[PDB]
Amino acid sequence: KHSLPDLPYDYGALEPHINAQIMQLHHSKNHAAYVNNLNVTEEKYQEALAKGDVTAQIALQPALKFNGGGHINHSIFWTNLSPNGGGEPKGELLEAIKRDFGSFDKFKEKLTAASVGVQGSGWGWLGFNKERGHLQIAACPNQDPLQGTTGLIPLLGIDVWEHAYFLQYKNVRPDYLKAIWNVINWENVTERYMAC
């Protein structure tokens, strides 16, 4: 069965950028539920597959994508952040970013635009296009995961579901986007990029 990963830092480690309450609820309630729901859903799919029940399989897709994606997305997200993060990546990811976006600030501007642009619940992503061999910005609705729905390998995700910022930033998603750069774990993003 899938499991809720531990946080590589405590709930208030990202203060004052993302407050303690947001982190605690996001991980212990939101992500926790996705995992449990995912396990239930995956087990039902095993029964349906074994029975050759195509209708049941299709009927289960929404739950599998939503909770499955919820697990995939947040799992990556936690590793994308750090109390000791911020700044700019060091090395090959930085050169890749300059190459594909002109500069690191233009890139930030682009990911910010995509993230703030999401109508409703969603995610902003910096991903890697293997078919083309370059970085690419993308946005996904609800919990639809980047790789499973677009083929892009996720490097850095920005959760723009209201639960990710409302307590502290209310409706001002732009301020949440501005603040988050201060806690991005570029070493993790770099490692994800190098794994490509």
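Just count from 1 along the sequence shown to find any residue number.
Looking at 183-191 and 5-13 together, the entry lists the larger mean B-factor for 5-13, computed on C-alpha atoms. Taking the PDB entry as given, 163-171 carries the higher mean Cα B factor of the two stretches 56-64 and 163-171. Residues shown: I72, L126, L81, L93. Highest C-alpha temperature factor in the entry: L93. Annotation for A32: C-alpha temperature factor in the lowest third relative to the rest of the modelled chain, per the entry.
Among the modelled residues of the chain, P145 sits in the lowest third by CA temperature factor in this PDB entry. In this PDB entry, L38 carries a Cα temperature factor that places it within the lowest third of its chain's modelled residues. In the deposited entry, the Cα temperature factor of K44 places it in the middle third of its chain's modelled residues. Residue-level temperature factors show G120 in the middle third of its chain, judged at the C-alpha atom.
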